[PDB]
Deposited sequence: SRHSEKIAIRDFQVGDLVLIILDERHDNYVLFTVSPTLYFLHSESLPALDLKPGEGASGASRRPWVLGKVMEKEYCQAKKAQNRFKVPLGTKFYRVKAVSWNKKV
């Protein structure tokens, strides 16, 4: 089957494993990238997540590259950290 989980270079339509990252207080994509791929806040309701379920399988819809502009932020990353936000819907 084409249903295998992507691990890098995420593209629209990829199947991704979305996991709770307690240290960063957010859902992230499982990845071998050193960069954080956070789940976009808009995607939580349709994945039956809440702002917790440990993992869900999603389909990538959109990817956005971001940078922390303050030292205290919701992603628990230092000032200047770059990261992605990914919109995804349920794989099923």
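Could you list, start to end, the deposited-sequence stretches with no C-alpha atoms? Seq positions lacking coordinates: 1-2, 54-61, 103-105.
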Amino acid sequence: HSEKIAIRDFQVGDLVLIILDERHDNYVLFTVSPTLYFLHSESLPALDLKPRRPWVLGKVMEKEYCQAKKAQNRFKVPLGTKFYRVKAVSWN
From here on, numbers count along this sequence of modelled residues.
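Whichever C-alpha set is largest while still superposing within 1.5 Å between the two forms counts as the rigid core.
Between 3-11 and 81-89, larger RMS Cα displacement in 8 other deposited structures of this protein after core fit: Evaluated in 8 other deposited structures of this protein, the stretch farther from the shown form is 3-11.
Compare the mean C-alpha B-factor of 41-49 with that of 57-65 as given in the PDB entry, and name the stretch with the higher value. Mean CA B-factor is higher for 41-49.
For the higher mean C-alpha B factor in the entry, choose 5-13 or 72-80. Comparing 5-13 with 72-80, the higher mean C-alpha B-factor belongs to 72-80.
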